[PDB]
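Given next, in C-alpha cells, is a single chain: the form deposited in one PDB entry.
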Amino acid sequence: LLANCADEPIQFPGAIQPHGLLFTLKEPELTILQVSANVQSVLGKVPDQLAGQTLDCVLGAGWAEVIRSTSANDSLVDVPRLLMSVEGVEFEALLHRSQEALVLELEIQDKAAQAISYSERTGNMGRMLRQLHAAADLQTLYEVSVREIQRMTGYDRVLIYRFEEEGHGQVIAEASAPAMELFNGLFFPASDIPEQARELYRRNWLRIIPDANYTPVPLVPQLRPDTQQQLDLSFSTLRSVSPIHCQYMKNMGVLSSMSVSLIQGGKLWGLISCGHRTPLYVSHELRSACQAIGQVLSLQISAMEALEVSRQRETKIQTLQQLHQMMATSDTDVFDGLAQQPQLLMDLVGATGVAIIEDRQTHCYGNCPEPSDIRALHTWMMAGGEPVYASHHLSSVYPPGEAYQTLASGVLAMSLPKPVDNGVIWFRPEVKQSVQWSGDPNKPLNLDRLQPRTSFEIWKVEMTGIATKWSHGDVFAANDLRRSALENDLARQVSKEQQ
C-alpha cells in the first residue's frame, strides 16, 4: 500500500493546468489532433469542433505560418522566443514532439508577467557567475545560488534538496522570507518524491505549479485519433500534477512551486525547490535562466568536489609516502611492517581502532572489538569481493554488528588479492546524532487514497550505530595503501623465489 505512492501514471494525466493552452497537432499541415478544454473560455472556441482543423482556424494565419516555419526541418532544441497576442491575450509558445505529433504549449502571460522583463532580473547574471566561480566553499555556492534565484523569481522560500542513495533527501540551502517556516537541515521521507517523479524529472529539468487550488482542464478528445492512446505529456510544462502533491503543498502552506532538476552524470543529484505562500506565475524565460543556473551550479559542485578530493589526497600524500617507506624497508611481512607504527596508520584514516589480520594472527590497536567478532566480520567482507569497502553504519548491512556498535560503528577494510587471509580494518566509534526530520519518519502518509501528512514539525531521531562518514580522501588513502602493499608484496615474493 505504501508502494502505491509509486504507481500513478503521472506521464498521462489527461489534463493540463489552467494557466495555459495545449495543442497537439499533425506535423505537415498543422491540423489539430487534440486541444485542451480551456479554449471554451480562452479565445472562445468550441473544443469539440476543433478536430481535424488547421491552426489557421483558431491561431490565425500569420502565427500558424510562423509556427509551421519554426517546426519545419528543426530539432526543436534551439527554438527562439515566440510571443503572440491571440484575441488580445498573450501567449508564450513552446514546441516539442511526443509521438510523431507536434505538441505546442501556449503559456498565458498575465499583466503582472508582462510587466516583468527578462532584462533587469538577469542584469546581474554575469556578476552571479563571477560569484559562483569565485566561491571557495560549497556553502557559499548554495547561498549565492539560492539568493540569485530568489532575486529573479521573487519566491519566499528557496531550497537545495539533495537526494541520497536510498531515495530520501536533505535540504542544505535555505533562503526564507521573514515570519516563514524554516526547513534548513531537515530530512524528508522518500515518499515525498516517488521513483516515478524522479524518473520523470531526470528527463524534464524544469517544473512549475503556479497554483495548488487549480482544477485540472481535461484534454478533449482524450484519445489521439492516431494510435488511440493517451498523449504523453512527459516534456510538457502544461501538465496537471497529482492531487496528492497539491494537498501536500497545501499542508506545507505553500500555493506555488518551482523546481529545477540538478543532473550530475545522468543522475538526479538534487532539486532547486521553491515555495510561495500565494499564487504567482513565473515566465518561461526566467525558468530557463534558472535552469541554466542549476546546470552551472552542478558543474561548480562537481569542480569543487574534485578540488576537495584532491586536497584530501594532497594532505594524505605525506602519510602515504611515510608508510610506503616503512613498508619497503621492513624485511618482514607487509602488514607486520605496517603495524610497526600503529599511530601513523591510525592518523592516515583518522580512525580509533586498527585491526591487522595476517594468516591466523590478528593484531588490535586502540579501540578494538572482540577478535572473534572482527574475524567473523572479515570473513563476511571477503564474500563481496571488493578490494576496498567503506561502511558508516555496519549494523545496517551486518546484523551481528549491533553487539559492538558502541566500539566499531564505522568499518573501512582493505585486503590484498591473495589466497592467504590478510587485511587491514579501521574502526570508527559510534557518534550519537539526532537526525532532524520534517514530520513523522514512521508515518510518511496519513493512511485513510493516500493522504499527505498534516504535521510538518521538526522531529528528533537519535540514530544509533552510525559512525563518522568516511571521506573521499579516506577511501583514496585505503586504495593507495592497498596499491603500495600490492607492489611491495610482489617485490618480496619475487625476491624470495629468486633466493
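By rigid core we mean the largest C-alpha set that fits within 1.5 Å across both forms. Numbering starts at 1 and runs along the sequence shown.
What comes next is about the form deposited in another entry, which is not displayed.
Just a single entry of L50, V42, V431, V66 exceeds or equals a 2 Å CA shift between the shown form and the other one, which is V431 (rigid core superposed). Superposition on the rigid core between the shown form and the other one places the CA atom of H378 2 Å or more away from its counterpart. Core-superposed comparison between the shown form and the other one: CA of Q17 displaced by less than 2 Å.
The Cα position of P369 differs by 2 Å or more between the shown form and the other one after fitting on the rigid core. In the other form, the Cα-Cα separation between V397 and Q264 grows by 3 Å or more relative to the displayed conformation.
Relative to the shown form, the Cα atoms of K432 and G169 move together by 3 Å or more in the other form.
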